[PDB]
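The chain that follows stands alone, in the form deposited in one PDB entry, written as structure tokens.
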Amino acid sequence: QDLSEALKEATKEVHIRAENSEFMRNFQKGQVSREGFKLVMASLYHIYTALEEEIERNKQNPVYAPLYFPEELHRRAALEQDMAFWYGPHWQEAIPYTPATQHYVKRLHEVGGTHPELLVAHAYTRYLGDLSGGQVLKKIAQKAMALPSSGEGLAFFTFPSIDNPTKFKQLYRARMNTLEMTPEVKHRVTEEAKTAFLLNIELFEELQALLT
């Protein structure tokens, strides 16, 4: 069984739980406000910063290299633009760093520094989601908060280097199947992907609690 299929099958149930989390449920209803959106985007800034820092550390490592797509996927630069938009010129010292966010970042550095062979699980969970449900959220966010089609404030959800996300995802899944794979690595990677989904669910549950 190819890794791409193993990952889809391994995370299909927790995905349902994540897509139906209270924060996302409200988001999908269009009940997202500036305060809530700033909280999640600021948390993603910390998360993607840590993820991409570990990706850079392991870009030459064969256990990850085939999936090294900085130009097409990396979000840090986009998030820095969004942070300046939502938080202003001094966003660096204005944005929050919640406990759930720190926990996520913590696991990211553990994987990147000690278990690099599992890094693919974390890139898969965030990036492929960004190119799927993330595109739906972008549309909802634009309508709910009156964000311009010009993209300001939603740079994170925009991939100017990917003409067709559907096609890119297929390329990505295929590339995931070229990584050196053993029963040991395959089992652990699917396990870490489930953990990645849980870290996201816990972030959303936390943010929702902070807002309510």
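Sequential numbering from 1, following the sequence displayed. Between two forms, the rigid core is defined as the largest C-alpha subset superposing within 1.5 Å.
**Higher-B stretch (mean Cα B-factor, as the entry records it), 51 to 59 or 29 to 37** = Comparing averages over the C-alpha atoms only gives 29 to 37.
- Comparing 15 to 23 with 188 to 196, where is the mean C-alpha B-factor higher? According to the PDB entry, the answer is 15 to 23.
- request: Quick one: classify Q135 as lowest, middle or highest third of the chain based on its Cα B-factor.
  value: For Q135, whose C-alpha B-factor we compare with every modelled residue in the chain, the answer is the middle third.
Worksheet entry | Cα B factor band for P96 (lowest, middle or highest third within the chain) | It falls in the top third of the chain.
- prompt: Once the chain's modelled residues are ordered by C-alpha B factor and cut into thirds, is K143 in the lowest, middle or highest one?
  reply: Answer is highest: the recorded C-alpha B-factor places it there.
* Please place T158 in the lowest, middle or highest third of its chain by C-alpha B factor as given in the entry. => Middle third of the chain for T158's C-alpha B-factor.
| said: Split into thirds by Cα B-factor across the chain's modelled residues, where does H74 land: lowest, middle or highest? | reply: For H74, whose C-alpha B-factor we compare with every modelled residue in the chain, the answer is the lowest third.
Only in words, not in the display: the form deposited in another entry, which the text now covers.
When the rigid core of both forms is overlaid, which of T49, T178, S161, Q31 is the one whose C-alpha moves 2 angstroms or more between this form and the one not shown?
Single residue meeting the criterion: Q31.
Using the core for the fit, does the CA position of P116 change by 2 Å or more between this form and the one not shown?
It does not reach a 2 Å shift.
Discussion item. Quick check on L137: with the core superposed, does its CA move 2 angstroms or more between this form and the one not shown?
Written reply: Indeed, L137 is displaced by 2 Å or more.
Practice item. Given a change of 3 Å or more, say if the Cα atoms of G134 and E205 sit closer or farther in that other deposited form than in this form. Key: Farther apart, which means the C-alphas of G134 and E205 are at least 3 Å more distant in that other deposited form.
Are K29 and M83 closer or farther apart at their Cα atoms in that other deposited form than shown, with the shift being 3 Å or more?
Those two alpha carbons end up closer in that other deposited form.
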